[PDB]
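*Asks:* from the sequence below, what's the structure:
(5 chains, ligands or ions: 5)
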Amino acid sequence: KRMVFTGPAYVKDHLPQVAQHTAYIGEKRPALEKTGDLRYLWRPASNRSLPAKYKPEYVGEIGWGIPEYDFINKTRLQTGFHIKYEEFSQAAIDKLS
Amino acid sequence: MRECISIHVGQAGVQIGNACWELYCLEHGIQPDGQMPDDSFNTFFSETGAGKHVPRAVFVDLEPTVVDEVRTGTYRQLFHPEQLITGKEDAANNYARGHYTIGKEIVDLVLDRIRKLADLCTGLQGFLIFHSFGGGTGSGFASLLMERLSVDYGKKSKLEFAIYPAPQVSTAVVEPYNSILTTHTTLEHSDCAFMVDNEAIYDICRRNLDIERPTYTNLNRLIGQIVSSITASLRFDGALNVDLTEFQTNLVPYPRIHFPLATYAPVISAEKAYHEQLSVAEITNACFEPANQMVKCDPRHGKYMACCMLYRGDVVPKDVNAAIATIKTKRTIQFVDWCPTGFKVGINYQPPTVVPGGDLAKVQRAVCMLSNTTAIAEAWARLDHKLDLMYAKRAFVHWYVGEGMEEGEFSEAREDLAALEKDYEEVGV
Amino acid sequence: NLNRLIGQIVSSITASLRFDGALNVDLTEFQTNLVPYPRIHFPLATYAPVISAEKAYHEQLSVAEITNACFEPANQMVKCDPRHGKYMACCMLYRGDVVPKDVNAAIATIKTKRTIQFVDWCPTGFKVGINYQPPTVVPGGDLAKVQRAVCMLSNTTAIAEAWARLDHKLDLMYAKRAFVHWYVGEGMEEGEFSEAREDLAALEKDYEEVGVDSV
Amino acid sequence: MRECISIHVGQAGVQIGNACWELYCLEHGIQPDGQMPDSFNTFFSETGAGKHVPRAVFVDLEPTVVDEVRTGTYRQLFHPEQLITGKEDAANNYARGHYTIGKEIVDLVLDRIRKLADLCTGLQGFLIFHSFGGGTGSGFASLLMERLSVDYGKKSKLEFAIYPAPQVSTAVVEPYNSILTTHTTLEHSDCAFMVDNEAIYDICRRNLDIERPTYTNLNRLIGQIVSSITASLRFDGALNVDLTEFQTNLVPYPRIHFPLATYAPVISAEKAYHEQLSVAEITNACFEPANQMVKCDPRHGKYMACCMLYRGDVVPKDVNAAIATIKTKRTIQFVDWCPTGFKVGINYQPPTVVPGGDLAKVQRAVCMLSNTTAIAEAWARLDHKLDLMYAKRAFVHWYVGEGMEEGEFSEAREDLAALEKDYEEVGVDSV
Amino acid sequence: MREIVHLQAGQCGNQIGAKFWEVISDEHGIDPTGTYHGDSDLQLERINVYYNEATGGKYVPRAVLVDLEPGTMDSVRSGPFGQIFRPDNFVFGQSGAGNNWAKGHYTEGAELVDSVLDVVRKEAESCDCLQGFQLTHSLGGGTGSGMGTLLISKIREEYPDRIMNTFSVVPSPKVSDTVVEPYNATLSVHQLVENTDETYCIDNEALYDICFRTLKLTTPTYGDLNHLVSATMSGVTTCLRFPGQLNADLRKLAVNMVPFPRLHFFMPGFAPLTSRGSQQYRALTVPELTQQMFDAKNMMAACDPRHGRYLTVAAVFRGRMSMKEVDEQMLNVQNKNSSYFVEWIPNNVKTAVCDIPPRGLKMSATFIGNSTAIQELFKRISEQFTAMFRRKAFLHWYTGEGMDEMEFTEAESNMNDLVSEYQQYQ
Ligand SMILES: Nc1nc2c(ncn2[C@@H]2O[C@H](COP(=O)(O)OP(=O)(O)OP(=O)(O)O)[C@@H](O)[C@H]2O)c(=O)[nH]1
Ligand SMILES: Nc1nc2c(ncn2[C@@H]2O[C@H](COP(=O)(O)OP(=O)(O)OP(=O)(O)O)[C@@H](O)[C@H]2O)c(=O)[nH]1
Ligand SMILES: Nc1nc2c(ncn2[C@@H]2O[C@H](COP(=O)(O)OP(=O)(O)O)[C@@H](O)[C@H]2O)c(=O)[nH]1
Ligand SMILES: [Mg+2]
Ligand SMILES: [Mg+2]
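*Replies:* Numbering: from 1, shown residues only, chains lettered A, B, ... in the order given. Ligands and ions are numbered 1, 2, ... in the order given. For reference, the structure is listed below:
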């Protein structure tokens, strides 16, 4: 059966004893090559730590440097090779509509 | 919500409680007057609005000369005045007087006080019954107590801390008569009966300690240390907490084979403890000798059935399984073929406390093994021989029958213990 | 690094709809030229002037050899060797400053070589279209900035060899009934895979039977 | 990783050890209470309570040699359970160390040895101190040798025995005891070092300025010759040897395992102001008969194998020059079947000086370990001393009443005659 | 918007979850009080998968905490990260299970399951699109094995179209922590076979061995032991929270991992496992990563795969890497070890990648493996069971509750059929 309260005399809750040192007494001389903790596997360093970014902030990716390095495709942009809608094509467009 | 109610009956029970409740007030912040100058006390101590703490125990005896010491001791402001129940006539080493004539007269008062203590409780799960198999009150009145409690509170696990009679040294003469009857009337109402022998703490204090010439008060401190190791998990945190329910579904295989032992491993002086390394692989290794146990019977006669280990202080688990894996590789330590698992561990996260002016060392590690061995069958065999040599010529029969006994229950408890010995031989095939 | 190649292939495909040229190819002559039969419409794709920004300016890139390295089996986007099969119909789309004459010159070289083989019922084989606009390049791009580009679409019977392993994979998997209960839970029959395999085998039979000749 | 276990059985062993452990704690920073205000665990065991308990088992069957240890300044430094004490003295009887009263205490010694070795992880030998004359050192040591060699086996046990001198002696039954303890140890030992007290008396009289010596000076010199054996574990040098390295460089045959030990610069403090203690003079200063710690001249024998361990500021260049000139002289005898002869070990740790001791602060020191054929005359004289007394079975009536029969002396005779014939078989050459 | 619900029963499950929520809170930049204090907006983007949003920017985990005794949640709540958990989601019993499967299944479990179902029905219907359920328990325990399986049975009856995944701790091969462990494990995994969809088996001895040799840690604790379980724990649902080149949720792995419904017993792993004194000298690249993966002693279970053959192998990568080398090395490790894979399946390795590496590692990955070498793990349990059951060792705590012998027999029969099914495909 379920309690409302887990404390003495059906009031409030139980605060257990917390171990101050959960680690182990090195009874002999503690070794230098001893990997005592295990939170070191992924610890962010203080202050400086790499955030999570996206593809436009990447390198060699999609959407990277498209408006910045636009001078490389400028010679293919400024040529007069795109088809310009003359009178007859516009007339056909208006003919359908 | 893990409380215990301690029942101390008999001279041995009250004298043991004088040390157990001395240790308990020290482990918490309890002053001897019942004051604490953040709620781990609740397994043994209550709370009254002025700040006073009142323990949950029933010191009951049939003669007043022992409880009158507690009434005028250094703990007279701590206990409830009513919970120190006393009688007026000693049972006088008689199962009959403690079970039929005097005990039935006063058994309603102790049951009423126990009922009040349970009404104060919310999550009670255990009974800690302290007595000895020797005398009359601790063998007859305790037996009537468990007879009445097992029919009243139902399936609540009552654990029993009884003092076994040694086969070579004993105080009284009528000892087999007062042990056979209580074992017969206990065997169907108990769950676990941890047995301690008096001679096997004497030789330990001679050997491990450099104590020569000790008294009962040295034995009661070791008993209190073991009983505090039993209920250590209800008070403090740890990796594996073991409460009183899994002392009961783990240590006893069959409903009749429920007589386990006890053993405290790091028992040493506070001067030898400087120069000896208290490694977990050592104290566990120094726990299985025949010379380090609190029962005289050598475990080499039989096979272990189920063992439970309790660790206190900074014990880390891999040396635990390294220790009990090296234990399994020893040809001397023999198990049964039908229990391939064998062990059970429990880890706590606080060092064992030492009373000022005590004997035991200041140590950070502690092991308490509650083993269950076949070799206790010899302990019943020698006491069976002692029963049969006395009853054959009716050595002390008239003291019993003259206080509401018959002849037939003497000639049925013999068959009950023969059946118990037959069961103990059966589990070793 | 692959999605930009696919984007370049698809930009070369629809290049005629975007810029003027000498021989514009609308999206209908692709169907009429590369698809002989209604079921046989599985061509390859080859972009030949794929090169870095450093191995482009050490060399001249005429139309004779960008039309030559394209026919080699190390430049198509499906693992299949064109020497095993026979080409059905071929489409070449030239972007950039390509004079029309050396296109037919390189064509005359290609039809001369005996190391590749065609099917008999295609005496023409090649449909070409010259767009007049060069390809564009991407910032941070792998591809070099180049003037000439070609994209080939080739209907070959060697793409049935790409189908000749997936059916074998299905015969290995379906024999032991592995991973079937995830499919038959949501309204699927155990026999749908059977008819799918029969349809694929019919496609393999069609590719086998197209390349034979009746004399 | 580099541990060693010391057993000091008998009176002579512990009277060596009480100065030996002073030397050991003085070479490190350990106070005599046990606190320090790696490179120590070859002889000690650091505990979590900061105490430094040594690895030693002090055993005697009579209490009057261990209680002054238990009340001395080292009472806080030892472990007070390993100081094993009997009740009755063995009293110069081999029967009372091996048969009658030694067998009810050897179980505790074996249990403490097992408990000491279980804590260690890198055991490489034993350091057993006894004497060949008495009853405890010749009776109880030989009892636990048979146990240690059957429960450990392949480990290389090292022992130190004080051999009975030719002229001077104290007991009169020791010709019986030495042959009795040789008969049993010979098949369960690896490398034991003989020292004679008469030779130390000559050394402490001649090149040591102090006359009228006590036993403390001899024990200090023996502690210095032991500390040079284990100087290659707690201190790292140029040429390092371990304890089992000695097992394979000094024992040509399983019966011949009795080498000697000499310390070269055993010179005074006033005379050290006058000498150039270079390695060239040190290397052949130990080769003289006046500095050998066994009263036997080498010229009647041949140096069968030799091992040298150097200490202090010793460069290995002039060591080769010093060791080359030794085998050029004709008098340092060498025969055909052992052409190499020598082995060298160096370290960078200077030999220390105990304040109040006599040995001067020298900075180069070698100890020589050598087994010679010039020890067979000692076995011949012990054999003669036994057979002069067994002509009418003189002192046997004490032995036979305490455990064994008369026939145990004939087996020891048949052992020692075989040893003598083995030595003279080794001495001759094969053409 | 693919929410998940976390369940934990027993002290083992609670203390594993207490470190999993450590790892997840560190990953998403969540304070102990329940406030977000990270830097990037990517760590907030799919925070709904593991957390429930509240007003004021307070985030509450979607976890349900339960057992039979008040022992361990008092330490769980009073810990460093105990204030984030909802006070409503703390449900509990009175009597400890006492390492009994009967007490956690019929007597106390029956009267406590209703409130746990209340909490689960409260939380599950609030989510936008529930992906599945996640549970942590121990096979050898009383309140874990007896009651988490009851929770699985009572949940599977109500959502039959979701994915069930459990996080088990198998009994150790050498040292037992409870003498009724085969009794308490056989029935639990018998109930686990027919109900769940994907399970992950963890052995303590394998973790000790990997923490002693590879990690060079002579003294790890239980808190540091649960960190590796948390590592393989958060690594399997990383594509549900972060974008990647090739995303794979839990259902995609369930499809690619389970060829037949009764064979879903998987062995978890973790790739970048180094020592502290050898961190500067690692040079993390994809070759040494995949060579550290398929090493037999990198596995978190007590089963060495050399006695068996892999059926299907998963490999979820995380971080900045290219793609040909992944395909190349799953080609290579499958090619030269064709004796250790099945010949009736052409491709055995499922690969997935993500774009955001963990906090402080250049790249990381998680190994999930379905091998037919797990039949030996059930074989020793069956041997211990049929050795204890033959002489009726501890049964009277089960028939003394209201069970039957024939249910023990049918559990052992199901175990034998499972072992035979795993053996037949070899
Ligand atoms: N170990 C230990 N045993 C005790 C102690 N006090 C009494 N005993 C045991 O108690 C036994 C004596 O019989 P009891 O059980 O005390 O007699 P009783 O039933 O209490 O009856 P009364 O003594 O009149 O109260 C002896 O065998 C003792 O070994 C004690 O303080 N420590
Ligand atoms: N160098 C040295 N030799 C000693 C010392 N004490 C005794 N001896 C020698 O030991 C020889 C006698 O053998 P012991 O070792 O004393 O006899 P034991 O082993 O004690 O046998 P018990 O006297 O019966 O106990 C004597 O000849 C002495 O030369 C000592 O303190 N230093
Ligand atoms: N790795 C790990 N294992 C644990 C932890 N706590 C308990 N266990 C394991 O759980 C098993 C005990 O079962 P348990 O679930 O605690 O019993 P129950 O709580 O009564 O159901 C033991 O074999 C332990 O190895 C933990 O914090 N970490
Ligand atoms: Mg009494
Ligand atoms: Mg003596």
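
*Asks:* so the residue most central in space within chain B: helix, strand or coil?
*Replies:* What sits nearest the mean C-alpha location of chain B, by Cα atoms, centre = their mean, is residue B:161, with 2.0 Å. Secondary structure for residue B:161, judged by DSSP: H, G, I helix; E, B strand; the rest coil, is strand.

*Asks:* please apply the same query to residue B:377.
*Replies:* helix.

*Asks:* skipping its backbone neighbours, what lies nearest it in space?
*Replies:* residue B:424 (4.0 Å; Cβ to Cβ, 6 or more residues apart in numbering or on different chains). Any C-beta I mention is one placed from the backbone N, CA and C, and that applies to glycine too.

*Asks:* and the contacts of the helix or strand harbouring the one you found?
*Replies:* Assigned by DSSP states H and E, residue B:424 belongs to helix B:410-426. Helix B:410-426 has contacts (Cβ atoms under 8 Å, 6 or more residues apart in numbering or on different chains) with B:180-181, B:183-184, B:187, B:254, B:256-257, B:374, B:376-377, B:380-381, B:384, B:387-388, B:391, B:397, B:400.

*Asks:* recalculate using a threshold of 6 Å.
*Replies:* B:180-181, B:184, B:256, B:377, B:380, B:384 (Cβ atoms under 6 Å, 6 or more residues apart in numbering or on different chains).

*Asks:* stretch E:17-34 now?
*Replies:* Here stretch E:17-34 makes contact (Cβ under 6 Å, 6+ apart) with E:8, E:36-38, E:43, E:47, E:50, E:58-59, E:76, E:81, E:83-84, E:136, E:226-227, E:230, E:233-234.

*Asks:* stretch A:20-35 too?
*Replies:* B:314, B:316, D:46, D:48, E:216-217, E:219, E:221, E:275-277.

*Asks:* which of the residues you listed fall in strands?
*Replies:* Mapping the contacts of stretch A:20-35 onto strands (DSSP state E) picks out residue D:46.

*Asks:* how far away is the residue nearest to residue B:377 from ligand 1?
*Replies:* Distance of residue B:424 to ligand 1, given as Cβ to the nearest ligand atom, to the nearest Å: 24 Å.

*Asks:* burial of the residue in chain A that ligand 4 sits nearest to, as a residue count?
*Replies:* Ligand 4 sits closest to residue A:8 of chain A, with a gap of 32.4 Å, by Cβ to the ion. Residue A:8: 20 surrounding residues under other Cβ atoms under 10 Å in any protein chain shown.

*Asks:* any figure for the gap between the nearest residue to it once chain neighbours are set aside and chain E?
*Replies:* Leaving out its chain neighbours, the residue that sits closest to residue A:8 by Cβ to Cβ, 6+ apart is residue B:42, at 5.0 Å. Using Cβ to the nearest Cβ, to the nearest Å, residue B:42 is found at 11 Å from chain E.

*Asks:* and residue B:42, how many residues sit next to it?
*Replies:* Residue B:42 has 23 neighbouring residues, counting by other Cβ under 10 Å.

*Asks:* one step back: greatest separation within the contacts of helix B:410-426: which pair is it?
*Replies:* Using Cβ to Cβ, the contacts of helix B:410-426 span at most 19.6 Å, a distance reached by B:181 and B:377.

*Asks:* for chain C, what are the nearby residues on chain E?
*Replies:* E:255, E:259, E:344, E:346 (Cβ under 6 Å from any Cβ of the partner chain).

*Asks:* neighbours of the closest residue to residue B:43 other than its chain neighbours, just the number please.
*Replies:* Distance criterion Cβ to Cβ, 6+ apart; nearest residue to residue B:43, sequence neighbours excluded, is residue B:234 at 4.5 Å. Residues lying near residue B:234 (other Cβ under 10 Å) number 22.

*Asks:* residue B:234 reaches residue B:3, doesn't it?
*Replies:* No. At 7.9 Å, residue B:234 does not count as touching residue B:3 under the criterion of Cβ atoms under 6 Å.

*Asks:* joint contacts of the two?
*Replies:* residue B:43.

*Asks:* hmm, back to that, quick one: the residues of chain E next to chain C as CSV, columns for distance to residue E:315 and neighbour count too.
*Replies:* Below are the residues of chain E next to chain C laid out as CSV (distance: Cβ to Cβ, whole Å; neighbours: other Cβ atoms under 10 Å in any protein chain shown):
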residue, distance to residue E:315, neighbour count
E:255, 16, 15
E:259, 17, 21
E:344, 21, 10
E:346, 17, 14
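
*Asks:* which pair in those spans the largest distance?
*Replies:* E:255 and E:344 (18.6 Å).

*Asks:* residues contacting the residue in chain B that chain C sits nearest to?
*Replies:* Among the residues of chain B, residue B:340 lies closest to chain C, at 36.7 Å counting by Cβ to the nearest Cβ. By Cβ under 6 Å, 6+ apart, the contact set of residue B:340 is E:384, E:387.
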